[PDB]
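Remarks on the structure that follows.
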Ligand SMILES: [Zn+2]
Ligand SMILES: [Zn+2]
Ligand SMILES: [Zn+2]
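Protein chains in written order, with the UniProt record's numbering: chain S, 165 to 486; chain E, 50 to 84, 90 to 167, 179 to 244; chain G, 54 to 142; chain Z, 108 to 118; chain X, 16 to 272; chain U, 118 to 176; chain H, 1 to 169; chain W, 94 to 279; chain F, 20 to 331; chain V, 204 to 237.
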């Protein structure tokens, strides 16, 4: 290894409750004012970021909402669910203006392209599908994977689409041609999560064996972030270099991206009346500053984490230990 | 050597045929027989490319991942050059290039539901005395009142997947019978 | 120095950087048809813009008289095609 | 717009 | 569906006039061999010809290296059955509907990785130079243009051509229906099975005279003739030396000018 | 994976190497190609003897 | 007493990704062509070049720094005249001959034969033969190529030095 | 298998090729596809099947074992060496290197088997038992000077401050068994 | 990275917007812009630099513009066409300053006097050279030759009119004598364009015989006036009036070609220096930028190509 | 009775996936049919 950059501890500071089913998705508005959250109660809840107050609950999915993205360039929120629907919510009317139909089974994730008017969506049907945001046309179907596609993330340069699957592969896609120009086989188990580093040309992906870092655009393997032996199903990368990987058992490890050193291991507590089997984390997001981590939980709460303001290197030391 | 003649493959030694000896020289099997299987080959790193099998049937795509040293860990706290994000010029150039590339799909998808050609034929017996033809290609007028011409309710198996990417795992971790 | 054949040429090479002939022997096995420069299965298709009037004139001369002016670029000495005896007479 | 020169056929 | 700028055709189908008018019709026909709709091209190869049009699609042309109308091979101008014989290309191409539709899809995928200028692997990469020579030495060199004349006028066969000299169709004897050349099928001619004209070629090519060594295995002598008279027309002993030491070690060369 | 060690160690214990043919082959092939490293281009295809192909078939 | 080392060395040795090769240079048949090849080798001109052409049972060609087949030069300036002399012929495989874009246009590009080719005689200048490594040249002729006879996986040359004999190193 | 039983080997091949499009990570299909070729004496087909299997799933020992064994039974033992060499290039588990050692020992190639150990300890040297097994091997072949040096290098490797009892006991019992009793006591 | 030779936005620029065969194209002598026209009758102006935006488009001809030249001060564009008319277009106004309505057939070529009073030489299918003075409706000179004249230029002193045509011989008319003082004989077929060297010592003349011949037009020449012959280009069955032009340093010459290639020859050696591809039809007109090493080429393909060349 | 709604699988090899190219020449194998 090499020298970790030091990162402050994160502490729990808010617990919003009000979903009646598992909170499956979270995303933060570009201006950082509010975050949406879908859940297994088939309702999308919009919450104020600074005060936690529930602005609005948007209802309209037939079953569990489990992808939610706020468009960086449009006044739109996109969401998909186990009912195979993908929906565009016009936030200037709080109404579903568009549907994207073609998925054959549950929509697992969706990602909204940072500079095109393009939306990509995963499903259990082992496809990622690319949508024209305007005309709802299915500009591509990425029929590469052989088991359900669990995550997708978009970026402006090639590979514009990266996809993770339960076949334990990650694939890099040519979005112009619509063909996978790389397959990263290194995971032993289902790859449920992806994150792209917001300021390095590098991305990460999680599976119960290992989180792996990858240099883009070729996707060559950098290093494992080893030892988080749980069904990891979220990855969030901070702007400063923290990465965090919440897991199905409700544990919540934070890592230095640069060294891979796991500096903190939170274990989440189920909120009252929930069973110890409900500790799990189903999604996480950073706020746009990168100083509030929002996590979505199997206990139907939304928990929020904040850097400990008073920590300093000499309070929480890192040595060298290669 | 001009007094000498080879005749057996061993007579040349390790060298090739002799141009000063005007006899038909076959320093190995070369030229004795007559002219499905790719040939094993050294790479530019001097290793032997047994994993050339993994490259058959691909469009020269990036999945050359077939060596252990591409599965071993690489630099930690990387050298800040390749790892830097692409610049604004790159994201702009990529956006426009990809935009117009998929515009051609969607416009041709929502529409789904003089000019000449100079031709240089290879069959040079040809048009009379001419290395080249030149032809006016008109477009035949479609009748707007004519319905779709052909059945397309056909269904056929998917194209087979692109050949297997090598599996590239960490070695197995031994299960005890306790596990 | 030289610039190989490419989908499009950006940088305007000199004559000697484009048209310098390929050195060395040539395949005994491939026929001249098979060695020929090509783009489709049977030849080099490329778009063209003729004058519509003169193009029509040359068709009808070949059809009706048996000869026409040669359509090739770089036609060299072969100025007429078809029944060249009538063209000269 | 900028562009480039397509190489034609030759004798 | 498949589309292109220009059809895969041989020069006898295009005619001697190097200036042509041609019509393009996207998806305008189904391919005679695979029913897939394909961009059709239609042209008249010179005056007195009929309007010809492309019959195969380009994948079926590429998967046999054949002209899209006449379906002769594009290299030698021979029928497929002759060429597939000499190159030992078996009847490998699937023929049943769903089976060969699947095959053609993979061909089109495979050729789409190439440069577009090659047929399928079997024929793009066949190297039997002796077989190439056998084909070259039997392919017709001149373009036969008579195969673009109009059809024979059935009303003239009925003896009642009511158009007279305005009739574009031919007023002449049909081919006798007992001759097997009158009874041809596009599928037979494409896949190269039971093709009448192929068998008439193969038989006459097999009937050509050939060298063959004698039973005298002790003989290693070749007579050489047509050397011309003595003098400046005669070949030198060096000429035979340079041409024939290519093949093997001459023990002796005797010149008889 | 452990049963194909139990098979393979059993099968290779039950295998008698013809060490006299080994030496004859070593002299014919030569030292360099007879002890090939991972990435030395072995030439000399070795298509088996029919006795060996039968021996493999029985195995 | 043996002659001192000088530019007219009898053998030149090349090392490649596929193999090490040694050539015997025919100074008494083509002195200008042999000295051209040696001085280019002495200037490391061939270092980093590739075999851009391979035709099975015919020819292996290399020695163009551009790898296009059109480039290359010579110590005399650019093109120079052939040294045709019919005491040498392309009598078999492993003949080394000087590749040219037609008569009197020799340059740095050289080709090695893989077959008896006695209709190329007089159109190219023979100037050596393979002295060692015909197994490598036999392997070179097995390398699969595209339809332009260019190897799909490159063979790269990166050594040039003269030697008094075919001994490998 | 059924197409093989009817003698339709070309059909049987295509069926296995179509099976591999469905699951290319199934070791059973690659082995059954391989075994049917070598049942049919299709040794060059079988070699191509194994080269693909070991290319695609390099960590599955069953392909390397079955392939190198086939190439050994068929008496192409320099082919078998290169398979083991290519295996060792993946730095495989300890059990892989043992089969390469055992391969060389069955041909009485002691100096070859020695070289595998000296590479084996560069990879799996951390396991003291690999280090003791080497010195037992050098001892059992009578290279007692190498066996002694092997134990002395073991002590050096694991560090003469972080001293390892298992080396000391094994080394001491070795010198005892070589009658170097004053060294054993030492 | 790669070498650059000009302020062009890219080493080659493709200018698109014409609707017909571009017969003619010229740079402004100040180097700021270029003007192009042909069968589509509109005259398109393009900046040489930046986006090369089509900043203006003059209209007014009722026929194809066969030839088009700037006046030397760049304040006016002369143009002539199949509407039997020469027109002078004011640059600052964009307007027809004069319309010499006096030819009786198609005007094939035009050339303004280099200096002094502005005179416009023109050659026509009526067989006449005419010199028009801006100040008078009537022409100053009418030189009736017997056969259709396709190309014209003044000499540099603007006191001889040089013309060629169907008779293949170039006439040189001396404007104080009103006689042909000498003729230049050597082309095998009809002349398609004549252009005058910057120094005025030499002219080139393109012909359907597929040669360019360089002629010495100086007052005294000690012998034969034929300086040399260039070859390589080709004229096809379209029989376009393929133009020709001089490099501003005179080291290089160009001519239009029907073979799609933009040909440059070196004046001293007569070797082809450039044979650039990229057009898809007859390259009808070619010109050099007056201050910077940039090539203009105008095709029958409705495309204009601008690009750098190494003028070494 | 005639059947035509499907390929007869015994007529020709169905959906034949051809064996890839490999370093060992497959045609050296001679198999005798059972
Ligand atoms: Zn078809
Ligand atoms: Zn045809
Ligand atoms: Zn009739």
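Think of the CB as a built atom: it goes at the ideal place given N, C-alpha and C, for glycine as much as any other residue.
Please identify the residue among the options whose C-alpha is closest to the C-alpha of residue i.
i                     : options                       : result
residue 118 (chain F) : F:125, F:110, F:105 and F:129 : F:105
residue 96 (chain G)  : X:155, X:136, X:49 and X:130  : X:130
residue 7 (chain H)   : H:36, H:97 and H:140          : H:36
residue 22 (chain X)  : X:77, X:256, X:115 and X:144  : X:77
residue 152 (chain W) : W:179, W:114, W:134 and W:132 : W:179
residue 151 (chain X) : G:103, G:115 and G:83         : G:83
residue 154 (chain U) : E:98, E:193 and E:102         : E:102
residue 41 (chain F)  : F:49, F:30, F:54 and F:285    : F:54
residue 35 (chain X)  : E:238, E:206 and E:183        : E:183
residue 141 (chain F) : F:20, F:287, F:203 and F:125  : F:125
Tell me which residues share the same chain as residue i and place their Cβ nearer than 8 Å to its Cβ, disregarding the 5 neighbours each side in the sequence.
i                     : result
residue 131 (chain G) : 123 and 125
residue 67 (chain X)  : 28, 57, 58, 59, 60, 84 and 163
residue 258 (chain F) : 227
residue 363 (chain S) : 403
Please return the same chain residues whose Cβ sits closer than 7 Å to the Cβ of residue i, not counting the five positions on each side in sequence.
i                     : result
residue 100 (chain E) : none
residue 252 (chain X) : 268 and 270
residue 140 (chain G) : 120 and 133
residue 172 (chain X) : 189
For residue i, which residues in the same chain have their Cβ closer than 6 Å to its Cβ, ignoring the five residues on either side in sequence?
i                     : result
residue 295 (chain F) : 281
residue 221 (chain S) : 207 and 209
Using DSSP bridges, identify the partner residues of residue i.
i                     : result
residue 470 (chain S) : S:175 and S:456
residue 53 (chain F)  : F:46 and F:65
residue 204 (chain E) : X:39
residue 172 (chain U) : Residue 172 (chain U) pairs with nothing; no bridge assigned.
residue 120 (chain G) : G:135
residue 75 (chain E)  : Bridge partners of residue 75 (chain E): none, in fact.
Output the distance between the C-alpha atoms of residue i and residue j, rounded to the nearest integer angstrom.
i                     : j                     : result
residue 111 (chain X) : residue 60 (chain X)  : 34 Å
residue 76 (chain H)  : residue 263 (chain X) : 39 Å
residue 190 (chain W) : residue 213 (chain W) : 7 Å
residue 77 (chain E)  : residue 215 (chain E) : 60 Å
residue 32 (chain X)  : residue 135 (chain G) : 8 Å
Report the CB separation of residue i from residue j in whole angstroms; it is logged as a contact under 8 Å.
i                     : j                     : result
residue 80 (chain E)  : residue 57 (chain H)  : 6 Å
residue 367 (chain S) : residue 360 (chain S) : 4 Å
residue 313 (chain S) : residue 327 (chain S) : 6 Å
residue 163 (chain F) : residue 146 (chain F) : 6 Å
residue 229 (chain E) : residue 181 (chain W) : In fact, because the Cβ distance is near 23 Å, the residues do not count as touching under 8 Å.
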